[PDB]
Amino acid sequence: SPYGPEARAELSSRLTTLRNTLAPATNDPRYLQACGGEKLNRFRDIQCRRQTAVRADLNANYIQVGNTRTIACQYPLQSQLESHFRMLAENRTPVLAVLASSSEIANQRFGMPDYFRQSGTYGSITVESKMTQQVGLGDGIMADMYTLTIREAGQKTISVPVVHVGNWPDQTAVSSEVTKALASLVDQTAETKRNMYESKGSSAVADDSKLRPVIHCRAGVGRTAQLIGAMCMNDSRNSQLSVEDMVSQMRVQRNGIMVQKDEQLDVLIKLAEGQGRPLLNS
């Protein structure tokens, strides 16, 4: 069977080898390095690829698996928020999906500022937050949506649609049913907002580096990877893109950690099986 133990064992073997090769070496020329005395990485083991980095001071990467373009990043550090907000604005972000739980954000030691559920000032940037709808995703998991309005004198005011899942603990994987519903809500949200910029003849519709959905959890490698992988399968243009392709492309474009827990890769495998999508290549 294309989804039998033998196939699953082979896929893991290839993935394992890749993760070891992409392991960040001290002062690795493939990863972004902290220039100066400013902390860049939230974790010394979760690094950001250099050739796909969005900004030099943020741990974020441009990711494209198949025809699906997104942006994965770590939960911004306190001192990166200003730069984080400019990135969202400039990108004309059609949707921001936050997969970090409320419990993690509340934990003051985790250093994860609640920058989207409350209004505030960060440097030259002014952010206003407003709660909109709440969508049930199944298994009791809920999606809380907000609208972030980013204002900066001299720049055009940009509002961003936010989808926050607060009850998805780290190092865990939600059911494939939930993941499929969450992937749909994010595309719909992005699709609606993107439509707006097109009706306004925005200059971002022509730039492949903009109008990309931004997604992140805590490290931006576990929960973020699961959603992205699910979003690719939603795209009707990724026909024949295998599970091997997806994970490979994510790791080579961010870091070999993308899709941390096996339980997470299992959800992707399950969704692929439901689509008759190949696991391995050739």
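In this text, residue numbers run from 1 along the sequence as written.
In the comparison with other entries of the same protein, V205 is left without coordinates in at least one third of those covering both sides of it. Averaged over CA atoms, B-factors in the entry run higher in 186-194 than in the other of 186-194 and 89-97.
Annotation for 111-119 versus 175-183: the higher mean temperature factor (C-alpha) is found in 175-183. The PDB entry assigns the greatest CA B-factor among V127, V160, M142, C73 to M142.
Per the PDB entry, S239 shows the highest C-alpha temperature factor of the residues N255, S239, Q64, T224. Ranked by Cα temperature factor within the chain, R69 sits in the lowest third according to the deposited record. In this PDB entry, the Cα temperature factor of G154 sits in the top third of its chain's modelled residues, the highest group. Per-chain ranking of the deposited C-alpha B factor places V165 in the lowest third. Per the PDB record, residue ranking by Cα B-factor puts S209 in the highest third of the chain. Per the PDB record, residue ranking by Cα B-factor puts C232 in the highest third of the chain.
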